[PDB]
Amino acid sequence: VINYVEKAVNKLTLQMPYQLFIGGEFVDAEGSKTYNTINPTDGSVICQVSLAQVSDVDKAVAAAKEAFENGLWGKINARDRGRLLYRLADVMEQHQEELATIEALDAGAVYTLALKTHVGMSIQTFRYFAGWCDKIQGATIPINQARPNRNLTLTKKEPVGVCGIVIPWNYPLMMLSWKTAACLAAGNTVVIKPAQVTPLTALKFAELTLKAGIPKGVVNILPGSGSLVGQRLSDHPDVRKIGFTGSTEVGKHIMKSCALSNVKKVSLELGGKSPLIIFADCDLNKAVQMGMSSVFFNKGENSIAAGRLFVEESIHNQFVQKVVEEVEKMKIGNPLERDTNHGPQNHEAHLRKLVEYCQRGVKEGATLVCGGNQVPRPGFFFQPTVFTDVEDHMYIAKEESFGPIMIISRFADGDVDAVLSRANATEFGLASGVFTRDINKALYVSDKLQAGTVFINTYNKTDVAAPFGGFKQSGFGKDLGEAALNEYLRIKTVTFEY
């Protein structure tokens, strides 16, 4: 019998676990410590949640180790592991309205979007990776033969073993799912640390693993702080791999911690300052629509968001006029209301950071065309913002906002290489985009952009089958696609002589 925080909202009765999930059971943290999770629509406390301690991490890791080494997960057919993950996906789909509602409460995710993305994509992620289980294959290799004898060389793909997954707050369930689906399809067991400010969909997901029949200890979830819980995961002698999504600065620290303990494997999905180049020969109205999506999607809490838009001189003013027209039509409001287009930012500290960000933008001399401020209403809403006359030396040209702030520079008519160079002049390299009807420009620009993803005449078009990851200080390794599997597998080479 599981304890729940019951809540009647959105024409449903929510049943929300709030405890640590260790070894297949929900339990209090050491000393029954708890913390509050805050609803960004009104600032209220949703409920209290267990606050994991070092000793709780050790319990979770030991559970994950036991489940891997002796438990059923390490013994079943790859095909049957997939069946379990495809059942987990079905269970998530049967509970999708509920999960989207929890996500709306916990993270401020507009409910209609959370059904399609926060939850919908999480469901696709498990189904997609479930199909990979019995299709992960090694090789047989035509090695030189030790004549007069013979040789056979094969490789085996094996799990890495116990993994730690540490994620941010922008899409709590989806970031969990991206990494967990891959981790599990490869046959690993896991300890997951959601962002402290957003534990709820992770904990409801935990309960769903029980309904799906995922063996005890395969999935362990520890709400709590990075510096305590996350840190211990990265130092742990029995953890063999860390999957991390977050800031560059925490990413550096995680990699260092992987190094100093046991050279556990690490992959890093870090920040972005993604450029979007819009040429005069694009479809203008479409550029306005995708341009807006590139910045404002999920209230800008989107690591691949276009962090700079470069717009060709001859269409720049008209582009800005049209963006403003469209911005005025966005309906800011409660994420649970069906007419809402723009929900609140995820938490208070981040709202304050966006306010400071835009003050500094104005100070340094950029033109504030609209927004820039907290919306006058309860909770942590921020007004969709547009800046123009942004010059390359400005702080807002360099720094990741992670909010709904469109940052626009001009480039001269016909000036392709010059704008590319401005677009690449950053230590980030997560995403990028180009709008043009011209095939030669589109191909050339996409060769030249120094980013892990290039969108052409679209934006935010990720997919569970398309690998996603950065270059430079945006990190390394992929989430999604076949390529994601390689972060969660080891290759054993076996060489016979006969």
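Don't overthink the numbering: it's just position in the shown sequence, from 1.
**Student:** Please compare 175 to 183 with 391 to 399 and name the stretch with the higher mean C-alpha B-factor in the deposited structure.
**Tutor:** Taking the mean B-factor of the alpha carbons in each, 391 to 399 is higher.
**Student:** Using only the Cα atoms and their B-factors as the entry lists them, report which of 336 to 344 and 80 to 88 averages higher.
**Tutor:** Higher mean C-alpha B-factor: 336 to 344.
**Student:** Kindly indicate the residue among 243, 120, 74, 272 with the greatest C-alpha B-factor in the PDB record.
**Tutor:** In this record, 74 carries the highest C-alpha B-factor of the candidates.
**Student:** Whose CA atom has the top B-factor in the entry, of 156, 422, 352, 127?
**Tutor:** 352 has the highest C-alpha B-factor of those listed.
**Student:** Lowest, middle or highest third: which one holds residue 57 when the chain's residues are ordered by CA B-factor from the entry?
**Tutor:** CA B-factor rank for residue 57: highest third.
**Student:** Split the chain's modelled residues into thirds by Cα B-factor; is residue 438 in the lowest, middle or highest one?
**Tutor:** It belongs to the middle third of the chain when residues are ordered by C-alpha B-factor.
**Student:** Ranking every modelled residue in this chain by its Cα temperature factor as given in the entry, which third contains residue 115?
**Tutor:** Tercile = highest for this residue's CA B-factor.
**Student:** Should residue 413 be placed in the lowest, middle or highest third of its chain by the C-alpha B factor in the entry?
**Tutor:** Tercile = highest for this residue's CA B-factor.
**Student:** Lowest, middle or highest third of the chain for the C-alpha temperature factor of residue 365?
**Tutor:** For residue 365, the deposited C-alpha B-factor lands in the highest third.
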